[PDB]
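Heads up: the structure comes next, in structure tokens.
Because the Cβ atoms are built from the backbone with ideal geometry, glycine has one as well, and the counts that use them run over all protein chains shown. Please treat every number below as a calculation from the coordinates, not as lab data.
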Amino acid sequence: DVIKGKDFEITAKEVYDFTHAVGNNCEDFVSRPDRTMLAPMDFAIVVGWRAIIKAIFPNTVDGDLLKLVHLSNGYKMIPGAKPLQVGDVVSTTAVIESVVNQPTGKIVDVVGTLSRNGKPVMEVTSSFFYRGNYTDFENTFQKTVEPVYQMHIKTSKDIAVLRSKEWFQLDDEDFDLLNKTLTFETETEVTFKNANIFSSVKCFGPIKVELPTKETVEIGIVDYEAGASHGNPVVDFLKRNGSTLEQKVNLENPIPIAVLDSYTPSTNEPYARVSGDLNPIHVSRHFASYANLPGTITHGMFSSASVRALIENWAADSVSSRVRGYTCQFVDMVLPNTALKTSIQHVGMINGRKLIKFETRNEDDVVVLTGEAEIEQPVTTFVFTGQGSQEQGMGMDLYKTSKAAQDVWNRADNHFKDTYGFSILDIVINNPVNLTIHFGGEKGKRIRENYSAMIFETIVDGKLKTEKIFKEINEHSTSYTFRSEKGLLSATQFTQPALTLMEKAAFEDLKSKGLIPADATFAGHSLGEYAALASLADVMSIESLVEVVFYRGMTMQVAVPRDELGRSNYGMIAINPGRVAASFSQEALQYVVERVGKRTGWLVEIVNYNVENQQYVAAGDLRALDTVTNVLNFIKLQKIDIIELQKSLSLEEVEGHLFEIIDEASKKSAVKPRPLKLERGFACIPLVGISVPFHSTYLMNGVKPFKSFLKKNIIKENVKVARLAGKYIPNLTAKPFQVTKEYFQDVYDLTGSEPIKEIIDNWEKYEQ
Amino acid sequence: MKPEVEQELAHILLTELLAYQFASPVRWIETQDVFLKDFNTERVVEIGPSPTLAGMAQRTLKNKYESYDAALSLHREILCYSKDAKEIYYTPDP
């Protein structure tokens with residue numbers, strides 16, 4: 001039966017007394033103004049002790065309590081649960097997980113759930129040993145709650161194996177298991193006859209399938225029930241054929257963190273007062289002598305709490321909340337005034353949490369206290385680089401070593417070969433100047449159809465015209481050749497997918513290593529957004545991801561008219577407003593660029609906002625970029641502010657007085673020929689090798705065919721909302737993605753799309 | 001809101017975000033603000049061949065978060081995959 005403890009109300013006094021008693025100096029447990037005081041997770045045993053220990057008392061768990069050994073103590077925070085604070089009313093329960101008769105004596109495992117506001121906060125596992133000869137196998141049992149096991153049912157063989165198991169009892173016998181993820185939430189109740197055989201086994205609990213919405217629904221039950229057995233086949237079957245939702249991945253080599261020195265206190269009176277463990281053997285020489293102990297031994301729970309304070313200082317970087325799990329095996333007794341050395345190591349990861357193993361020895365170099373921790377890495381955000389350096393052989397070092405980078409690049413390369421008849425891996429490695437695609441065979445016809453299906457919209461004399469990308473590929477074509485000057489890796493359509501695959505492969509490497517936090521935020525600069533979404537959300541397969549960014553690069557390439565040599569009358573300048581004048585703010589630069597745009601009538605816009613009053617990127621008409629460059633080069637030389645002049649000097653004069661500067665710059669800018677090279681100005685650096693003004697309203701025409709391509713390659717079944725909602729920060733809105741009417745409205749305000757405007761107008765119909 | 005409808009909403013929203021992404025300016029300033037202030041990011045891990053957005057975050061933090069960082073007393077690590085692979089993989093030297 002479940003043991004109910006009393007409601008503990010955590011006070012500021014109790015935490016001070018607890019921390020001082022165990023020597024835990026972490027700032028989270030000290031009272032500061034404007035922040036609630038946390039309680040340590042060691043403080044759980046204070047709350048739980050009256051429930052947990054009450055488990056070893058009942059008549060049927062008969063034992064000499066003077067000869068009681070505390071073997072192990074463990075705390076596991078529940079996932080999501082923020083730590084204990086002062087003011088929190090905590091309720092405890094405790095249950096006997098197991099009570100088994102070993103040869104050497106009787107082991108009692110006790111699980112002690114602490115819960116506030118109804119929701120459970122953390123488990124406290126404790127292993128007690130009664131030493132002796134116990135043969136009362138009628139009273140032994142072992143009610144376990146098993147770890148959730150998962151099976152991806154891929155083949156028909158897997159289905160036929162599952163159906164063979166009489167315990168696998170679906171509610172519907174004719175359920176389609178193929179390409180389903182089953183989860184098994186099982187409890188295993190075992191009674192004993194002898195020490196070696198079970199008298200009665202009984203695994204049971206729901207079988208859940210993952211729906212296309214990630215929302216698991218019960219579709220069956222495990223319902224195994226045996227007599228005399230030597231094991232539980234259900235959990236054995238699930239271990240071999242399944243997976244635990246979380247895999248411990250070891251580092252190549254344990255990293256030593258520290259080797260730290262702790263002292264047990266001269267007396268165990270303080271820890272006895274605060275904890276409520278008034279066991280005489282810690283305090284009274286006479287009871288310690290009666291229990292055959294070498295003296296008044298230090299409470300094991302003190303040594304636990306003392307070492308968990310080091311772990312929390314040195315592995316959690318003095319942040320309490322980061323410590324999510326902490327076990328310690330007590331190996332040997334510690335006397336007071338003993339100097340202890342703790343060698344803390346980083347041994348591995350578990351889904352973005354550090355696995356710390358420690359080992360505490362005394363002056364005689366005897367192991368006294370081993371144990372593991374699990375430590376949340378610091379609050380992370382992944383930012384994914386956009387277009388930049390396209391160095392030949394990029395990601396190829398990682399491709400040679402990593403198995404998860406290999407899987408990304410080989411999936412991508414195979415899909416490019418089958419779909420567009422080139423190897424992206426080739427183009428990355430050996431950067432050819434020309435690449436001829438050939439459309440011979442049955443494969444070549446499919447590949448030629450996939451180039452002829454690629455369309456783009458543009459404005460031809462105020463008219464939306466749907467021309468084709470690859471206008472010279474028609475039904476009769478046998479080949480098509482991609483030209484370049486120095487190399488094709490430089491060309492946008494091969495740069496993009498290469499960079500996106502480098503970024504995906506780097507990530508999938510990390511994720512294989514266990515280094516990616518589950519709740520981590522992410523964002524990507526421009527192209528980096530697609531790499532980011534495939535990486536953190538898995539919204540697209542590699543194959544879809546590489547198609548989309550290929551098509552993006554081709555849509556960029558052709559978005560503008562070009563001459564015979566393939567140079568356009570558009571470009572990009574990097575503007576540092578700080579370097580023209582310290583008083584030249586952002587809304588100053590924005591005011592100069594809107595003015596230049598309206599006056600001269602040529603396109604110019606700010607397309608990147610990168611660093612406040614230090615890094616902006618203006619794209620637009622290659623003449624309007626010259627006018628801006630001369631205007632900023634002019635304003636630096638006269639040392640004349642526009643923010644000061646428009647406020648304290650005059651009203652709507654800056655407008656007319658800046659227009660005569662624009663006309664000065666513009667009449668010099670329009671004289672020189674149409675393929676004008678951009679001059680490195682004082683506060684304007686030309687972005688070399690970019691001739692398309694993307695991130696401007698100019699590309700607003702080319703959206704519709706790009707959208708229709710996306711809606712083929714992005715399936716609603718793939719898009720998990722959990723993995724996106726409040727983690728992904730778009731470039732469009734710059735606001736953590738949320739599925740809320742206010743968010744949709746914010747999107748509509750930037751980009752008047754009718755599939756958003758219908759969602760706005762019909763919001764309450766979707767709500768129910 | 002049911003899960004099945006929420007999904008088809010997210011799907012629609014996402015495809016519109018991506019479609020228009022190249023038609024509208026990249027608001028990386030307002031994006032930096034969000035992850036640096038509105039989430040109190042301790043690690044900014046850049047993924048890419050060069051440290052440009054790690055560069056930009058360092059220049060943002062030095063210019064308008066010196067006081068905010070002192071007031072909350074939080075360390076901000078700014079790592080890149082290319083240059084600081086050892087600090088991300090936990091692969092130190094003997």
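Taking the Cβ of A:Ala51 as the centre, find all other residues whose Cβ is under 13 Å away and add up their charges (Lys, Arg: +1; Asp, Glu: -1).
Once all neighbours under 13 Å are counted, the net charge is +1.
Quick one: in the protein assembly as shown, what % of C-alpha pairs are over 51 Å apart?
Cα-Cα pairs in the protein assembly as shown separated by more than 51 Å: 31 percent.
Considering amide H positions built from the backbone, and no H for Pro or chain starts, which residues 5 or more places from A:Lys716, or on another chain, come under 5 Å of its amide H?
Distant-sequence amide H within range of A:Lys716: zero hits.
Where nothing but the Cβ of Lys and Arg (+1) and of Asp and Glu (-1) is charged, how large is the charge dipole of the protein assembly as shown around its Cα centre, in debye to the nearest 20?
1760
Other chains near A:714-722: what is the mean number of their Cβ atoms within 10 Å of each residue's Cβ?
Taking the mean over all residues of the peptide, I get 5.
Per residue of A:249-262, what is the mean number of Cβ atoms on other protein chains within 10 angstrom of that residue's Cβ?
1
Which of the GluC sites (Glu not before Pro) found in the stretch A:530-596 are in a DSSP loop and have at most 14 neighbouring Cβ atoms, other than their own, within 10 Å?
Answer in residue order: A:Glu564.
In whole Hz and in residue order, list the ³J(HN,Hα) couplings for the stretch A:222-238 that follow from phi through the Karplus curve 6.51 cos²θ - 1.76 cosθ + 1.60, θ = phi - 60°; x for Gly and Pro.
6, 8, 7, 6, 10, x, 2, 9, 10, x, 10, x, 4, 6, 4, 3, 5
Taking the mean number of other Cβ atoms within 10 Å as a proxy for protection, how do you rank B:63-74, A:293-304, A:325-336 from highest to lowest?
A:293-304, A:325-336, B:63-74
Cα-Cα over 27 Å: which of A:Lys504/B:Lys86; A:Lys193/A:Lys248; A:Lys677/B:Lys62?
With Cα atoms farther than 27 Å apart: A:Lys193/A:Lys248; A:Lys677/B:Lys62.
Identify the trypsin sites (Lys or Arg not before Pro) of the stretch A:546-587 meeting these criteria: DSSP loop state and at most 15 other C-beta atoms within 10 Å of the C-beta.
Sparse-neighbourhood loop trypsin sites (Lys or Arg not before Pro): A:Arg562, A:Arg567.
Only sites in a loop by DSSP and with at most 10 other Cβ atoms within 10 Å count here; which GluC sites (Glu not before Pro) in the stretch A:103-187 make the cut?
A:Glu166, A:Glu173
Report the net charge of residues surrounding A:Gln638, where surrounding means a beta-carbon distance below 15 angstrom and charges are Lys +1, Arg +1, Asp -1, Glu -1.
That works out to -2.
Summing -39500 (n - 2.57) over the DSSP H runs of n ≥ 4 in chain A and dividing by its residue number, what mean residue ellipticity at 222 nm do you reach, to the nearest 500 deg cm²/dmol?
The helix-only estimate for chain A comes to -9500 deg cm²/dmol at 222 nm.
Per residue and in Å³, how big is the convex hull formed by the alpha-carbon atoms of the stretch A:133-247?
For the stretch A:133-247, the hull spanned by Cα atoms encloses 119 Å³ per residue.
How far is helix A:703-713 tilted, in degrees, relative to the longest principal axis of the Cα atoms in chain A, given as a value from 0 to 90 rounded to the nearest 10?
With both axes taken from Cα atoms, the answer is about 30 degrees.
Report, by chain and number, residues whose modeled amide H sits under 5 Å from the one on A:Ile257, excluding near sequence neighbours (fewer than 5 apart, same chain).
The list, which skips near neighbours in sequence, is A:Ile344, A:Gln345, A:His346.
With an 8 Å Cα cut-off and a minimum separation of 6 or more residues, compute the relative contact order for chain A in percent.
Worked out over chain A, it gives 8 percent.
Can you give the average number of partner chain beta-carbon atoms within 10 Å of each beta-carbon in peptide A:502-513, as a whole number?
3
For the ranges A:425-431, A:641-647, what's the packing order if you count other beta-carbon atoms within 10 Å of each residue, average per peptide, and put the highest first?
Going by the mean number of other Cβ atoms within 10 Å, highest first, we get A:425-431, A:641-647.
Ranking request for peptides A:361-371, B:36-46: highest mean number of other beta-carbon atoms within 10 Å first, then the rest in descending order.
B:36-46, A:361-371
Show which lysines lie in cross-link reach of A:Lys67 when reach means a straight Cα distance below 25 angstrom and same-chain residues fewer than eight apart are skipped.
Once the sequence-local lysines are set aside, what remains near A:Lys67 is A:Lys54, A:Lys106.
Helix A:624-638 against the longest principal axis of chain A: what's the angle in degrees, Cα atoms only, rounded to the nearest 10?
That works out to roughly 80 degrees.
Would you mind ranking A:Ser650, A:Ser127 so that the residue whose beta carbon has the fewest other beta carbons within 10 Å leads the list?
A:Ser650, A:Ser127
With the cut-off at 31 Å, tell me which of the pairs A:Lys712/A:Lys741; A:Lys208/A:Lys704; A:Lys647/A:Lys672 have Cα atoms farther apart than that.
A:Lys208/A:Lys704; A:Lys647/A:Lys672
Roughly speaking, what is the centre-to-centre gap between the stretch A:379-443 and the stretch B:38-94 when only Cα atoms are used, to the nearest Å?
One Cα centre to the other: 28 Å.
Could you give each residue of the stretch A:393-408 its phi-based ³J(HN,Hα) in whole Hz, using Karplus coefficients 6.51, -1.76, 1.60 with θ = phi - 60°, and x for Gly or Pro?
x, 6, x, 8, 4, 5, 4, 5, 9, 7, 7, 8, 5, 4, 3, 5
Per residue of the stretch B:7-15, in order, report the coupling 6.51 cos²θ - 1.76 cosθ + 1.60 (Karplus, θ = phi - 60°) as ³J(HN,Hα) in whole Hz, putting x for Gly and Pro.
4, 5, 6, 3, 3, 4, 3, 3, 4
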